[PDB]
Amino acid sequence: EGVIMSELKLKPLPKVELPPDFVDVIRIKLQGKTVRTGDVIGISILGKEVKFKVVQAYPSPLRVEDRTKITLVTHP
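Residues numbered from 1 in each chain as written, not as in the entry; some residues may be left out. Heavy atoms only, no water.

- In the PDB archive, solution NMR is given as the structure determination method for this entry.

### A word on the sheet that holds strand β4 (residues 48-58)
Alright, step 1. Pairing is mixed across the open sheet formed by 4 strands, whose spatial order is β3-β4-β1-β6. With partners counted over all chains shown, the strands left at the sheet margins are β3 (40-45) and β6 (69-72), one partner each. Averaged over all pairs of adjacent strands, the angle between their axes in this sheet comes to 35 degrees, without regard to strand direction.
Alright, step 2. Where strand β1 (residues 7-12) meets β6, 4 bridges bridge the pair, whose relative direction is parallel. Bridging across to β6, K9 finds its partner in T71. (Pairing = 2+ DSSP bridges. Helix = DSSP H or I, 4+ residues; strand = E, 2+ residues; numbered from the N terminus. Axes fitted to C-alpha atoms, helices over the stretch in contact; angles between N-to-C directions.)

### A look at the environment of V40
Alright, step 1. By the secondary structure assignment, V40 is in strand β3.
Alright, step 2. As for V40 and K29, which are separated by 11 residues in sequence, their C-alpha atoms are 16 Å apart.
Alright, step 3. Excluding its chain neighbours within four sequence positions, the residues that come into contact with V40 are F52 and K53. (Contact = heavy atoms within 4.5 Å.)

### Observations regarding the environment of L10
Alright, step 1. Tracing the backbone through its elements, the reader meets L10 in strand β1.
Alright, step 2. Residue classification places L10 among the buried residues on the basis of a relative accessible area of 11%.
Alright, step 3. Along the sequence, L10 and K29 sit 19 residues apart, while their C-alpha atoms lie 15 Å from each other.
Alright, step 4. Each residue touching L10, except ones within four places of it in the same chain, is listed here: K53, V54, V55, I70, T71, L72 and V73. (Buried < 20%, exposed > 50% of the residue type's maximum accessible area, 1.4 Å probe, protein only.)

Right, here's the structure in full:
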């Protein structure tokens, strides 16, 4: 039997980098919903509007769970 691991990659549209505690809080809010590459959703955080685009779902479609890993992409 092989090992199974699902993942979702996301990119912020404004230029901002959030500390590593954000990714856990976003996973708890979103998990249970299904995601596909190309979808776009808006989240209000601390009185500031941020748009997030879904870069790639592996595999697509998938549901987000605490066992699914999520990674934030940014440029140097």
